[PDB]
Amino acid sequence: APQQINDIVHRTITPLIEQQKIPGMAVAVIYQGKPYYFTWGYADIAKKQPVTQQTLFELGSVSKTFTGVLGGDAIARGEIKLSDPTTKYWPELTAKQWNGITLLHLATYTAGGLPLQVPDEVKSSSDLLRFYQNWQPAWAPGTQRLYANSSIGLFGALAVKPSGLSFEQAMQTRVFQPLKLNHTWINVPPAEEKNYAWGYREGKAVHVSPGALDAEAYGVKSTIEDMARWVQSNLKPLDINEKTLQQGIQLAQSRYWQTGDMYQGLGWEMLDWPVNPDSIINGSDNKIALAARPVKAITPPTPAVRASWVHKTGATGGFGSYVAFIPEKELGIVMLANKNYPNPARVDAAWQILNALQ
């Protein structure tokens, strides 16, 4: 790294680790397009295994960025349209409240109040159908945003149906492989288990539990190198050789809805750059992140704006992640930690680094 990058990163992240008691962390900065890596602490505290550039972390809800791009790619292939009713792709979904709810609504949390989590009691396919059939919207579609794993997760499952591929197979063949993300996984293979960090929640080593629509909402695991490659791809989609994938990246960074200073993409969320750091820092707090917020439709959606702060936070019980990038500046960061610590501390650290380098 240039010494400048080294210093800004270390003088930001070292205190963050100390204050939040994070056991292990990995950071990548993308600066003028090139990645620089940094690692601290432990992947496995009991086995004294350090964090390396090969360590897998649970991305949690950052997974949604992959789901949003995979959907984008399906739209670009002509397999699905965001304007399609949900019922086109799940004809068993006959309940009247679904009339008017499109794939766009599912993808952008605007279906009318689908809940944050799919209930833990949903264990099978018929349980899932029952859940969505019996869900009662609080709101008309396209009026309020309520962040929901059950919303984007269903989008993900539906989006891959016409391909005939499972979500995991579609993701591997259409996103991970073409982008050379060869250490990024929905299900960690045995060959990579020795690199799979433990997450830490109240001092206990934990991994994410199986759950309905986990793959689509929160189930990706990846290394700091692959995630830097993911930032590079989203920074410069027009360099990707796969046509539909290049377009799906763009579509995921299109602005569909606005609530305050924030625009909703497919998975990604965006703000105009330059950004007021109090907008993003405080906005990342979960009482704000997860609130019911009225949205304004952006009619038609604005294509990916290069002058944007594009970002996503994620957590599992044992991990905390953050990704942000600024396409106009060829600049981005990935922060992966094996403790779930507050979003505002992530975003503050990220902005401190990127603002210094900008």
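What we label the rigid core is the largest C-alpha set whose atoms superpose within 1.5 Å from one form to the other. Counting begins at 1, following the sequence as shown.
Visitor: With the rigid core held as the alignment frame, decide whether 290 to 298 or 323 to 331 lies farther from the shown form in 9 other deposited structures of this protein, in terms of RMS C-alpha distance.
Guide: Greater root mean square C-alpha distance in 9 other deposited structures of this protein: 290 to 298.
Visitor: Is residue 284 unbuilt in at least a third of the other PDB entries compared?
Guide: Residue 284: unmodelled in at least a third of the other compared entries.
Visitor: Output the stretch having the higher mean C-alpha B factor in the entry; the candidates are 201 to 209 and 152 to 160.
Guide: Taking the mean B-factor of the alpha carbons in each, 201 to 209 is higher.
Visitor: Between 323 to 331 and 53 to 61, which has the larger average Cα B-factor in the PDB entry?
Guide: Higher mean C-alpha B-factor in the PDB entry: 323 to 331.
Visitor: Choose from 114, 270, 103, 281 the residue with the greatest Cα B-factor as stated in the PDB record.
Guide: Reading the PDB entry, the winner on C-alpha B-factor is 281.
Visitor: Say you rank 258, 254, 136, 222 by Cα B-factor from the PDB entry; which sits at the top?
Guide: Going by the entry's C-alpha B-factors, 136 comes out highest.
Visitor: Rank-wise, by C-alpha B-factor, drop residue 297 into the lowest, middle or highest third of its chain.
Guide: For residue 297, whose C-alpha B-factor we compare with every modelled residue in the chain, the answer is the middle third.
Visitor: Per the entry's values, where does residue 168 land by CA temperature factor relative to the rest of its chain, in the lowest, middle or highest third?
Guide: As the PDB entry reports it, the C-alpha B-factor of residue 168 lands in the middle third of its chain.
Visitor: Sorting the chain's CA B-factors, does residue 190 end up in the lowest, middle or highest third?
Guide: Middle third by C-alpha B-factor.
Visitor: By its CA B factor, does residue 19 count among the lowest, middle or highest third of the modelled residues in the chain?
Guide: It belongs to the highest third of the chain when residues are ordered by C-alpha B-factor.
Visitor: For the chain shown, is the CA B-factor of residue 241 in the lowest, middle or highest third of its modelled residues?
Guide: As the PDB entry reports it, the C-alpha B-factor of residue 241 lands in the highest third of its chain.
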